[PDB]
Amino acid sequence: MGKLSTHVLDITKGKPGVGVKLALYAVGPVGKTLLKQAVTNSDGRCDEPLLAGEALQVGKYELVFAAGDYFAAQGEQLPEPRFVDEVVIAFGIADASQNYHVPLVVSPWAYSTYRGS
Amino acid sequence: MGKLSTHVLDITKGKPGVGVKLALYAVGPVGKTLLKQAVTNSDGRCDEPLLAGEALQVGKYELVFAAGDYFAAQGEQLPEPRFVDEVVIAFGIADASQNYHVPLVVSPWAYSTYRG
Amino acid sequence: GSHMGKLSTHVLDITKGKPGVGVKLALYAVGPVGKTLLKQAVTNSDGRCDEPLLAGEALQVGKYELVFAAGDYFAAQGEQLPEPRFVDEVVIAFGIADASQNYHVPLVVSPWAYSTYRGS
Amino acid sequence: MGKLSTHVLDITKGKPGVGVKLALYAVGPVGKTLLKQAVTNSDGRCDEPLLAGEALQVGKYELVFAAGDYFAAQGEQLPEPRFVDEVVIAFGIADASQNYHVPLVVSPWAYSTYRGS
């Protein structure tokens with residue numbers, strides 16, 4: 001069974017992003033539907049897969065990371081609106097049998113994502 | 001006076017992303033407002049800045065890159081829905097007097113962005 | 001020396017969205033007396049190494065270089081690129097300051113770009 | 001005709017890396033040859049191209065950046081040896097007629113490069 005997972009990495013300290021609030025949305029033609037909310041654990045991942053089994057369906061999604069609140073909780077005092085506040089990763093799942101690992105490699109001034117393994 | 005600019009780089013071929021359609025949005029409490037549509041030129045940039053002068057205001061923004069259409073137009077046939085289709089780059093501008101360069105370094109399976 | 005640390009890597013092919021399978025690599029220690037070859041490996045079907053590159057008492061404080069034969073990998077995948085390839089052997093130099101901790105240094109690579117970081 | 005250039009970006013503050021010392025080497029079968037030593041300017045670039053005209057030839061090169069020294073001068077207090085100290089970017093130039101722009105997007109715990117434009 002394919003599963004959707006994520007991983008937040010803080011490249012300002014080379015450490016997992018701990019406590020990063022995130023939300024998963026299913027995206028359709030008329031609107032978006034919240035599927036799940038989660039908080040990254042001590043390894044920067046989620047204790048449970050964001051989607052697994054029959055819940056992982058072919059479609060379009062959005063992973064929204066509260067990266068700005070995280071860096072503010074780490075002591076960063078940045079002028080608002082921060083350049084990196086809520087990071088929105090829009091992506092599509094075309095094959096429900098394959099795993100989809102969509103991490104976030106983020107600083108207050110940069111971020112990158114990819115389809116990992 | 002500050003200006004907003006972007007730049008698209010295709011890392012499957014090490015060339016600028018040419019012909020990438022763009023849509024810039026201001027994001028507020030009640031919703032989003034379309035500010036500008038544009039297309040990347042032969043250098044993967046815009047002939048005019050996305051925002052400049054008084055049009056560059058303090059606030060939240062969303063710069064959407066029609067990257068999936070670009071890679072489909074380059075011959076890359078990929079099953080639907082594509083992992084990289086419309087790339088949403090949400091960011092904030094805290095100082096209207098500064099230049100903000102928000103490029104995109106993109107493949108069909110990865111993208112990166114940063115404040116340049 | 002500590003027994004608890006381990007050096008690892010992970011090759012991700014972002015032209016395919018798949019792990020880089022069959023990529024040859026070598027680990028070097030780098031110091032004032034030169035570079036010392038420590039291990040050669042080939043990435044498995046998950047783009048990782050079946051055995052750790054360095055771990056435990058063999059994992060020591062100092063400078064290191066991981067060398068990825070990215071150019072041969074992409075050539076083996078059908079990419080026809082004029083030589084010398086822009087991305088051929090990728091050299092990731094990095095330092096290890098605490099021998100008891102784990103260091104995961106992955107490679108996110110295309111024939112025209114790559115990135116690396118200290119992961120978890 | 002072709003020109004080789006670079007650009008250092010500090011993604012910990014969202015600013016160009018200013019004062020970054022660098023060195024360009026040619027890489028051949030019998031050893032490496034220093035081509036140029038330079039320092040980034042206020043825009044994180046070099047006032048002159050690293051290689052231009054007849055100096056730009058087909059072959060392998062290495063750009064070495066003293067990134068760790070730069071982060072020390074910016075106040076970052078990291079144990080030694082730093083995870084990121086001297087960043088080595090090995091790359092090959094196949095067509096001396098084309099411009100090659102090879103930037104460095106770096107934090108003390110991450111870096112990326114690409115064939116830019």
Side-chain angles (χ1 to χ4, degrees), chain C residues 7 12 14-15 26 28-32 34-35 59-72 74-75 79-120, chain D residues 2 4 9 11-12 25-29 31-32 56-69 71-72 76-117:
Chain C
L7 173 61
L12 308 104
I14 52 183
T15 74
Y28 299 84
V30 180
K35 302 184 188 180
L59 184 69
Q60 295 165 7
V61 169
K63 298 191 295 163
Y64 295 88
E65 284 177 1
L66 274 175
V67 177
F68 300 86
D72 296 351
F74 289 116
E79 281 252 21
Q80 310 256 24
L81 296 180
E83 299 202 64
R85 308 149 185 161
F86 182 83
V87 169
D88 192 8
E89 292 199 334
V90 179
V91 176
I92 299 184
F94 60 95
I96 288 187
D98 188 339
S100 66
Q101 302 296 113
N102 291 340
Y103 287 80
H104 182 74
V105 190
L107 179 61
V108 191
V109 59
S110 79
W112 308 94
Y114 64 84
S115 67
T116 191
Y117 53 82
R118 178 189 198 181
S120 81
Chain D
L4 173 62
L9 188 77
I11 60 178
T12 70
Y25 287 85
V27 178
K32 309 180 176 176
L56 192 75
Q57 293 179 355
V58 173
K60 303 177 195 187
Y61 302 86
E62 287 184 4
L63 271 177
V64 180
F65 297 86
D69 284 0
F71 286 114
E76 190 79 48
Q77 300 171 311
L78 296 181
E80 313 211 344
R82 313 141 180 168
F83 184 81
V84 170
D85 190 20
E86 288 180 3
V87 176
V88 172
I89 301 299
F91 62 98
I93 289 182
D95 192 348
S97 61
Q98 309 177 19
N99 297 323
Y100 284 84
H101 182 65
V102 186
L104 177 63
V105 172
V106 61
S107 77
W109 306 95
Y111 64 88
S112 68
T113 188
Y114 54 73
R115 200 269 175 88
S117 91

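Per chain, numbering begins at 1; letters A, B, ... match sequence-line order. Values reported hereafter were calculated over all heavy atoms of this structure, with side chains retained and with hydrogens, waters and symmetry mates removed.
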- Could you pull out the closest heavy-atom pair between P81(D) and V61(C), with the gap in Å? CD-CG1, 3.5 Å
- Query: Can you name the one residue among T116(C), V30(C), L7(C) that meets side chain to side chain contact (heavy atoms under 4.5 Å, CB included) with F94(C)?
  - Reply: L7(C)
- chain C interface, residue from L78(D), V102(D), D85(D), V88(D) that has the most non-hydrogen pairs under 4.5 Å: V88(D)
- Item | Considering all heavy atoms, the nearest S110(C)-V87(C) contact | O-CG2, 3.7 Å
- Taking all heavy atoms of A113(C) and all of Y114(D), pick out the closest pair and write down the distance. CB-CB, 3.7 Å
- Non-hydrogen atoms of chain C under 4.5 Å away: do they reach the side chain of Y61(D), the backbone, both or neither? neither
- Task: Please flag which part of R118(C) lies under 4.5 Å from any non-hydrogen atom of chain D: side chain, backbone, both or neither.
- Result: both
